[PDB]
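J.: an experimental structure, sequence included, is below.
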Amino acid sequence: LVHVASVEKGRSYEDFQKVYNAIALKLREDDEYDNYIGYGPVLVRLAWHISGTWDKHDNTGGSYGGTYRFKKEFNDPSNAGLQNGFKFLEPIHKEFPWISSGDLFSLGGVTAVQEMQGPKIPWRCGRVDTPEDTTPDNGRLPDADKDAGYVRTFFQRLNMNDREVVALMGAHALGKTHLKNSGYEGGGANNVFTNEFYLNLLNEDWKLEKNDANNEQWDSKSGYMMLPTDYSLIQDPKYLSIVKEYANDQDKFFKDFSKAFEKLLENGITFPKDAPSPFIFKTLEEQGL
Ligand code: HEM
Ligand SMILES: NC(=O)CCn1cnc2ccccc21
């Protein structure tokens, strides 16, 4: 099972920079969403959930096929709330119908990270929409009520190592949980990409509590929260060292996140030797827009 990247016919960097820009301008415009967080965080989560269905063993799932557009995956209980991201992207897809679904979903995540002042994420085009029967079954995305050993094992299926796992989890600086989506009660929320996930883990005074959906989560007096899988990163000694590294080196976190996130978004894709190089999109700010 091979998924070969195929450039949308006649398209080049500039074409995709126009899609980036349309996302980025809508992100700026539609600022009321989720008590003024805006859509950045949910777009990052979308890009991650369309990619995170991948299985290295048989190359099923992953971003390539754009299968989140199909009912089985759109209605996965793990994907509750991501409909908001899909709806945000709908006008963009209508404006630029030449782009594939998987390309759009993943570029939405890239755009959101960069526009939220995160690292540059190189991004490759050529994902090709696949039929409805290629949609992966529900249940391939991770549980939050688990420990470090569960997280480590789970991410082996995505070919991620300890450093890659700890780096990716830093996206949990963004946004918040919503009881109605996931059974977790959200805490202080932000829409700027920083290493604050690691700083909060190490510096806050955490208390284990049971929320109104009966689930355990870690809460701080300052109003922040951590999932049990987040907190696991300071329970396990291997994860803890990495957490400390990123809490103490913003640039290293940025560089490692960028690599991991691009890898996550490209898992399962075979890029021809003469495929275009990855694109690095300019932010609205870099363009003076
Ligand atoms: C063990 C792995 C992970 C678990 C169990 C997990 C679990 C969760 C849960 C339960 C939520 C709350 C959803 C809601 O209530 O709306 C959430 C939100 C979020 N997740 Fe994760 N996640 C994990 C990994 C990741 C990764 C790898 C990324 C991306 C790199 C990511 C990005 C986000 C974002 C940005 C949000 C905020 C969404 C919003 O504000 O709407 N997560 N996650
Ligand atoms: N320290 C925080 O409250 C950052 C927000 N946060 C912590 N864990 C999270 C998991 C998902 C979304 C946001 C999360």
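T.: Received, thanks. Residues are numbered from 1 along each chain as shown. Ligands and ions are numbered 1, 2, ... in the order given.
J.: hang on, isn't residue 166 packed against residue 244?
T.: No. Using CB atoms under 8 Å, residue 166 is not in contact with residue 244, being 10.1 Å away. Placement of C-beta: from N, CA and C, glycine included.
J.: what about those two, which has more around it?
T.: Comparing residue 166 with residue 244 by other CB atoms under 10 Å, the one with more neighbours is residue 166, at 27 against 14.
J.: please name the nearest non-neighbouring residue to that one.
T.: Using CB to CB, 6 or more residues apart in numbering and skipping the chain neighbours, the partner closest in space to residue 166 is residue 242 (4.1 Å).
J.: what residues does that neighbour make contact with?
T.: 162, 163, 166, 167, 233 (CB atoms under 8 Å, 6 or more residues apart in numbering).
J.: can you put the residues you listed in JSON lines and add secondary structure and distance to residue 289?
T.: Listed next are these as JSON lines, based on DSSP: H, G, I helix; E, B strand; the rest coil; distance: CB to CB, whole Å:
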{"residue": "162", "secondary structure": "helix", "distance to residue 289": "39"}
{"residue": "163", "secondary structure": "helix", "distance to residue 289": "35"}
{"residue": "166", "secondary structure": "helix", "distance to residue 289": "34"}
{"residue": "167", "secondary structure": "helix", "distance to residue 289": "30"}
{"residue": "233", "secondary structure": "helix", "distance to residue 289": "37"}
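J.: by neighbour count, which of those residues wins?
T.: Within these, most neighbours by other CB under 10 Å means residue 166, with 27 neighbours.
J.: any idea how far it lies from ligand 2?
T.: Remark: distance between residue 166 and ligand 2 (CB to the nearest ligand atom, to the nearest Å) = 14 Å.
J.: residues contacting that residue?
T.: For residue 166, the contacting residues are 233, 239, 242, 243, 246, by CB under 8 Å, 6+ apart.
J.: helix or strand: which one has the second one?
T.: Assessed by DSSP states H and E, residue 239 sits inside helix 237-247.
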